[PDB]
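Right, one structure below, let's go through it.
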Amino acid sequence: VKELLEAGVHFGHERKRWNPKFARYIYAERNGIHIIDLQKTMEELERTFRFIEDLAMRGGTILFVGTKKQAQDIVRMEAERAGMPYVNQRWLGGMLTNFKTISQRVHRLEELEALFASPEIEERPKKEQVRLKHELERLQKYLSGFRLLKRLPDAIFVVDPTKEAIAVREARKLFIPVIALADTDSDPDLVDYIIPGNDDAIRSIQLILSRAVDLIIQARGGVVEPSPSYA
RNA sequence: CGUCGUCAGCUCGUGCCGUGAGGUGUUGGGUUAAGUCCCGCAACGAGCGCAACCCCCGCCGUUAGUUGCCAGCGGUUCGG
Ligand SMILES: [Mg+2]
Ligand SMILES: [Mg+2]
Ligand SMILES: [Mg+2]
Ligand SMILES: [Mg+2]
Ligand SMILES: [Mg+2]
Ligand SMILES: [Mg+2]
Ligand SMILES: [Mg+2]
Ligand SMILES: [Mg+2]
Ligand SMILES: [Mg+2]
Ligand SMILES: [Mg+2]
Ligand SMILES: [Mg+2]
């Protein structure tokens with residue numbers, strides 16, 4: 001499932017703005033930039049995917065987090081495709097560590113879908129319609145990929161662990177294992193199942209997250225053919 | 001009951017940070033009469049306050065016509 005010229009796709013990036021624990025995943029540094037050893041990326045993609053597989057084939061949830069503008073859209077696609085939750089927009093504080101309270105907000109979200117499907121009163125004032133609807137779009141913006149989470153994920157997949165340090169933090173306090181793609185600006189030891197690759201180029205964000213979702217469906221019940229990628 | 005003070009404020013739940021007192025939220029940019037609302041945010045909500053719901057005055061309509069009103073008719077002791 002794994003493919004090999006991801007070299008055409010990413011080979012990583014970032015100049016000495018690096019974290020030095022990431023030393024082991026580096027072949028050399030080129031155009032004043034850290035160049036990620038793909039042979040290591042391989043060793044890892046395997047061991048990571050093995051974990052991913054077992055989790056799919058036991059029907060266990062993955063939380064997908066990415067909000068850096070680059071990996072932003074491709075998590076709505078790729079996660080819906082896996083029929084799994086994600087946070088696309090802002091990563092609210094305490095989503096895992098204070099789950100039940102955050103979710104108490106999704107009941108509100110549902111409750112608006114129900115109320116605003118119609119009618120059960122449109123004899124409520126004009127302002128209130130406006131007010132309530134504005135709220136509705138709101139929850140929808142952050143909470144959309146979140147509602148699929150009815151229980152604490154059995155794992156979480158993150159695009160930038162540095163950028164999503166809070167996320168990795170919340171998981172570790174819960175023992176929720178962490179999967180992440182991570183370029184050279186990252187603390188490796190902080191990840192359980194790790195994908196040492198460029199995390200800023202959508203070429204790469206694409207390949208890795210897709211093949212992830214692919215392995216997710218392929219072992220879950222079915223197989224599928226190409227999914228959406230912006231050029 | 002006064003007062004600060006009709007001032008925009010004071011807290012809480014759980015989360016997070018801190019050995020701890022405590023912090024966060026309630027800070028921050030814009031806006032408002034206002035913790036008023038907007039956006040941003042390790043917070044996410046909730047409460048007592050703000051506001052709204054009640055009374056008065058301003059415009060209009062309807063229900064009413066006496067003890068109140070008199071526009072036109074008729075009388076009119078000259079006082080609807
Ligand atoms: Mg980065
Ligand atoms: Mg607290
Ligand atoms: Mg201290
Ligand atoms: Mg503590
Ligand atoms: Mg406290
Ligand atoms: Mg205060
Ligand atoms: Mg305070
Ligand atoms: Mg302010
Ligand atoms: Mg005031
Ligand atoms: Mg308020
Ligand atoms: Mg705030």
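How things are named: the first chain in the structure tokens is A, the next is B, and so on; residues count from 1 in each chain; ligands count from 1 in the order shown.
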Contact check, chain A to chain B, at most 8 Å, counting only C-alpha atoms (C1' of nucleotides), closest pairs as a tab-separated table:
residue	atom	partner	partner_atom	distance
A:92	CA	B:43	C1'	6.9
A:93	CA	B:42	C1'	4.6
A:94	CA	B:15	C1'	5.5
A:97	CA	B:15	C1'	6.3
A:98	CA	B:15	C1'	4.9
A:101	CA	B:44	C1'	6.6
A:102	CA	B:44	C1'	5.7
A:105	CA	B:45	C1'	7.9
#### Entry: At most 8 Å from ligand 6 (only C-alpha atoms (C1' of nucleotides) and all ligand atoms): residue list as a VMD selection string
chain B and resid 9 to 10 26 35
For the residues in the current selection, export C-alpha atoms (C1' of nucleotides) as a PDB file, in the first residue's frame.
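Heads up, here's the output in again-v1.pdb:
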ATOM      1  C1'   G B   9     -19.350  44.408  37.755  1.00  0.00           C
ATOM      2  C1'   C B  10     -19.010  39.435  41.254  1.00  0.00           C
ATOM      3  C1'   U B  26     -13.344  37.684  33.037  1.00  0.00           C
ATOM      4  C1'   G B  35     -18.807  41.234  31.364  1.00  0.00           C
TER       5        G B  35
END
### Message
Using only C-alpha atoms (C1' of nucleotides) and all ligand atoms, which residues have at least one atom no more than 9 Å from ligand 7? Output them as a count of residues only.
### Response
4
### Query
Which value, in Å to one decimal, gives the distance between atom CA of residue A:19 and atom CA of residue A:185?
5.1 Å
### Message
If we count only C-alpha atoms (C1' of nucleotides) and set the cut-off at 7 Å, which residues sit around residue A:139, ignoring sequence neighbours fewer than 4 positions away in its own chain? Please answer as a ChimeraX atom specification.
### Response
/A:109,135,143
## Note on the structure
Correct to one decimal, the distance atom CA of residue A:58-atom CA of residue A:211 is 18.7 Å
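The contact shell of ligand 1, defined as all polymer residues within 10 Å when only C-alpha atoms (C1' of nucleotides) and all ligand atoms are used, comprises residues 13, 14, 17, 18, 68, 159, 160, 161, 162, 163, 164, 182, 183, 184, 185, 186, 198, 199, 200 and 201 of chain A.
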Selected residues written out, N, CA, C and O atoms, as a short mmCIF file (atom, residue, chain, number, x, y, z; two decimals), in the first residue's frame:
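New file part_3.cif:
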data_model
loop_
_atom_site.label_atom_id
_atom_site.label_comp_id
_atom_site.auth_asym_id
_atom_site.auth_seq_id
_atom_site.Cartn_x
_atom_site.Cartn_y
_atom_site.Cartn_z
N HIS A 13 11.41 19.22 4.60
CA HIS A 13 12.01 20.56 4.54
C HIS A 13 12.28 21.14 5.94
O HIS A 13 12.07 20.47 6.97
N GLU A 14 12.80 22.37 5.92
CA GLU A 14 13.05 23.29 7.05
C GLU A 14 14.54 23.40 7.33
O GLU A 14 15.24 22.40 7.46
N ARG A 17 15.95 25.38 12.08
CA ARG A 17 14.85 25.93 12.88
C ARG A 17 14.29 24.63 13.43
O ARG A 17 13.13 24.52 13.86
N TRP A 18 15.21 23.67 13.43
CA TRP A 18 14.95 22.29 13.79
C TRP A 18 14.95 22.04 15.27
O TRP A 18 15.52 22.80 16.04
N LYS A 68 -3.21 23.91 10.44
CA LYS A 68 -2.31 24.78 9.69
C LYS A 68 -2.92 24.84 8.29
O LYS A 68 -3.27 23.80 7.74
N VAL A 159 -1.26 16.39 12.03
CA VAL A 159 -0.40 16.80 10.94
C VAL A 159 0.87 17.55 11.42
O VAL A 159 1.98 17.17 11.02
N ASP A 160 0.74 18.60 12.24
CA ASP A 160 1.93 19.24 12.84
C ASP A 160 1.91 19.20 14.37
O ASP A 160 1.20 19.97 15.01
N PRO A 161 2.72 18.32 14.96
CA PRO A 161 2.74 17.96 16.39
C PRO A 161 3.24 19.12 17.22
O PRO A 161 2.79 19.33 18.35
N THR A 162 4.22 19.82 16.66
CA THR A 162 4.67 21.11 17.16
C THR A 162 3.52 22.11 17.20
O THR A 162 3.21 22.68 18.26
N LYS A 163 2.90 22.34 16.04
CA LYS A 163 1.71 23.19 15.91
C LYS A 163 0.51 22.71 16.70
O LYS A 163 -0.32 23.50 17.16
N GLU A 164 0.43 21.39 16.89
CA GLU A 164 -0.68 20.81 17.62
C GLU A 164 -0.16 20.14 18.87
O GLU A 164 -0.55 19.01 19.18
N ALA A 182 5.36 14.51 10.74
CA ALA A 182 6.11 15.55 11.43
C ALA A 182 7.39 15.90 10.69
O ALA A 182 8.25 15.03 10.51
N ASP A 183 7.53 17.17 10.27
CA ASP A 183 8.82 17.58 9.68
C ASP A 183 9.82 17.95 10.77
O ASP A 183 9.49 17.99 11.96
N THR A 184 11.07 18.15 10.35
CA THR A 184 12.19 18.46 11.25
C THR A 184 12.05 19.53 12.37
O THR A 184 13.03 19.77 13.07
N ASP A 185 10.91 20.20 12.53
CA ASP A 185 10.75 21.16 13.63
C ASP A 185 10.13 20.55 14.88
O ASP A 185 9.72 21.26 15.80
N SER A 186 10.10 19.22 14.93
CA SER A 186 9.25 18.49 15.88
C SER A 186 10.02 17.68 16.90
O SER A 186 11.15 17.27 16.64
N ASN A 198 7.73 15.89 5.38
CA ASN A 198 7.27 17.25 5.20
C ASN A 198 5.81 17.39 5.65
O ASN A 198 4.96 16.55 5.29
N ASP A 199 5.53 18.40 6.48
CA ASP A 199 4.20 18.61 7.04
C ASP A 199 3.58 19.95 6.59
O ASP A 199 2.54 20.37 7.11
N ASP A 200 4.24 20.61 5.63
CA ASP A 200 3.81 21.94 5.13
C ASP A 200 3.37 21.93 3.66
O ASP A 200 2.45 22.67 3.28
N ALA A 201 4.07 21.15 2.82
CA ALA A 201 3.65 20.90 1.43
C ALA A 201 2.41 19.97 1.27
O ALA A 201 2.45 18.78 1.65
#
### Task
Identify all residues of stretch 24-226 of chain A in strand (DSSP E or B) (DSSP on the backbone) and supply them as JSON, numbers by chain.
{"A": [26, 27, 28, 29, 34, 35, 36, 62, 63, 64, 65, 86, 87, 155, 156, 157, 158, 178, 179, 180, 181, 193, 194, 195]}
### Task
Kindly provide, as a list in words, all nucleotide and amino acid residues lying within 10 Å of ligand 10, counting only C-alpha atoms (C1' of nucleotides) and all ligand atoms.
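Checking only C-alpha atoms (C1' of nucleotides) and all ligand atoms against ligand 10 at 10 Å gives residues 34, 35, 36, 37, 49, 50 and 51 of chain B.
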### Task
Quick one: everything within 10 Å of residue A:27, counting only C-alpha atoms (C1' of nucleotides), minus sequence neighbours fewer than 2 positions away in the same chain. Send it as a PyMOL selection string.
chain A and resi 23-25+29-30+34-40
